[PDB]
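The data below hold one chain only, encoded as structure tokens and taken in the form deposited without this ligand.
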């Protein structure tokens, strides 16, 4: 047969089909077939054409994306999409009336719009243009300006800046709609004193002078942005008078120093749940926060604040979790750490400090997916004791002892990694599968837990891949002095433990990182294992999440010590197996994985022979404040400065004389700047180490442009084959 090749990987010869649907009601979802937007009745499976492929009626602009009004009488049409950052972008929009037949040309949305969203109930639009919020009650009618203080790279009204988008909110939208769409709550940011990063973006070939990109970027220990929270009443808007935004001030526990806003959530139609966090990310306070009809203000009591703390580490996995409120709003459910360290579900009341654990065990709850009046649906890694898997469970809110798994036994030898999408009111749900087998989408009924139909079983790929020689996958554990840590190995086809194979140790080793999961992937490791007969292994040591806060918080204030040593010990225990060739061992990464690769390769261990560090981290004083000050503290002499200086790659530059090192970095990188590789190179030069470098001009952290994405992996493949001969 044939094998997975670089041509098959970089051209996507073998593709995974995905059934991306979009619920709009209790029983209907919208699926986009050839170009038509369909509507499927979920109980029987019959379909009807919601909008025929008239998208070429415009014909002047290709439609990047669409958004149906929740009631179903309008639709937005993106075009001229331009990407700024991972989540940020700009586009131009058109509104198409699904009722008459006609595209609206009256008071159109501006061209350089930054964000646009629909009200959850109705057909009201709020959009951001030039860092300012405008609200359209009717698509025909003009828009009312809300905020007048927007400025470029200074004040962000309704959208997040670089640091919040990248780390805190993980999104570009900083405006939230009330459940009825009555209130519009948004957050304003202020980057006046935040220092700017500057790098050269050259151009396409025809620009004489390279341009400079200046982004407000706070580095570890530098000035952070400032946030403000406002809530608007959209029903009382008028053209004659400017809108009135009522500020909700942070609780007294946060105002003493520097703090973050980390969550917003609407409990009732009039009760917000703001969640604040401090720059010293040990302490968070939630504000169950109400509205007065008579006063019109949001007075926000102190008896309803809920404090979460962490003595050992930091609050949350990457952030404090989100409350899943009960319908009446007098209770909510949330995932917090127990006394044993594992994260489980607390029943809270808004007026009581204590929570009751409805779940407990030596596992964690990854998320609460749906909450009904009688049952709570959550994703857990309880089944089989494997942190890799993620199955779906439900609990009776009346009797917490009754737990039923809705997806453990559906397809046990093929699906072990589930994701669920729930219809409104949680009547039907689509169980997405990606586990140890080709993905499988199925539609289920919440009334009786019965499988209605198989949406996409990926049967054509199961026929194409019986002609290819495909790698295996192993998932097991190794005991480190009391504890079991999980590793994965992508074994070559026709694997034989009698013979020795090379080993490339794929590394991320980031804090709260799952790397030995159960997902099925088709990537560069499939190439290596199938064609080059390399073993590509990954390991989860100290600092990895989903196994408790004892493992996760083990690297607290000591980034770059236990991550590195666990990877080196994992490589040693791999090499002391019967099928790993001791001489040929390598390691690589793209991120904190690149940091770990550099700090493992320049540690003098002698285990490894070779290594690639794509977009690595060198110092933690070069990276942003939110990410580094969560795991390492401030870089001041009194708190933590010995370890901001004593764990750097350039302090190990004399140990690179024993390894072959490839250092790759894109020259226009916002996230992990080019500085962090440009100084690794300088430190390596100053000591006399020969290393191979490569720069990808105008590329960013995730080098993903098709030409650059093929170049990076062909270059890395050549380097690996040279290292392994």
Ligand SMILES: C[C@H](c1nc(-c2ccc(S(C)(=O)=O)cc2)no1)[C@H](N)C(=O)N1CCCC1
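Numbering follows the first chain given and starts at 1.
The same protein also has a form solved in complex with this ligand, omitted here; what follows describes it.
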Since only the chain is shown here, I'm wondering whether residue 515 would be in contact with this ligand in the deposited complex (any heavy atom pair within 4.5 Å). yes
With a 4.5 Å heavy atom cut-off, would you call residue 166 a contact of this ligand in the deposited complex? yes
Taking heavy atoms only, is residue 649 within 4.5 angstroms of this ligand in the deposited complex? no
At the 4.5 Å heavy atom threshold, is residue 623 in contact with this ligand in the deposited complex? yes
Please determine whether each residue of 608, 656 and 691 possesses a non-hydrogen atom within 4.5 angstroms of this ligand in the deposited complex. no
Among 671, 681, 667, 69, which has any heavy atom within 4.5 Å of this ligand in the deposited complex? 671
Of 477, 357, 422, 318, which one comes within 4.5 Å of this ligand in the deposited complex, counting heavy atoms only? 318
Using a 4.5 Å heavy atom cut-off, indicate which stretch of 426-434, 405-413, 507-515, 451-459 touches this ligand in the deposited complex. 507-515
Within 563-593, which residues have a heavy atom closer than or equal to 4.5 Å from this ligand in the deposited complex? 591, 592
